[PDB]
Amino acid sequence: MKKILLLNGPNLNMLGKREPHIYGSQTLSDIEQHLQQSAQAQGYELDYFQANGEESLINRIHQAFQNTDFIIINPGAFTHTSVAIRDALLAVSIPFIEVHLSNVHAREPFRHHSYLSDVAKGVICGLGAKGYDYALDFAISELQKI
């Protein structure tokens, strides 16, 4: 069974804020469960992980080496600052798609640069949580073509 790994960077654990399930908002837990179940329904295994530091994220990326076939990652702020995470993804040779919930290009100039975009298979920005859904569909289509 092919495996996909979902990675979320700093502060993404805070999604939903106060009482998320009171007006249609959602937590990271909701998103992780949704993607995991959806991948399983298609016959694929999907693992997920979230952390607020480079060491934790890099260690998880290294752990995926030789057992994971595709990665979906929203690095959060590390998108703009982490050359170390870029190098971790390059070191394990696993294709990945970069996802951002908000439109980074519409925010501060320092968010217009990514240390992952140029080496990612593709990037989806500004479509909210649905962006993860599209990334999962693409990941599976890539795994099917092999």
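Residue numbers run from 1 along the displayed sequence.
- Once the C-alpha B-factors are averaged per stretch, 16-24 and 127-135 rank with 16-24 first.
- Relative to one another, 94-102 and 41-49 have unequal mean CA B-factors, and 41-49 is the one with the higher figure.
- Sort the chain's modelled residues by C-alpha temperature factor and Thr79 lands in the lowest third, per the entry.
- Sort the modelled residues of the chain by CA B factor and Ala64 lands in the highest third.
- In the deposited entry, the Cα temperature factor of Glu108 places it in the highest third of its chain's modelled residues.
- When all modelled residues of the chain are sorted by CA temperature factor, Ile4 is found within the middle third.
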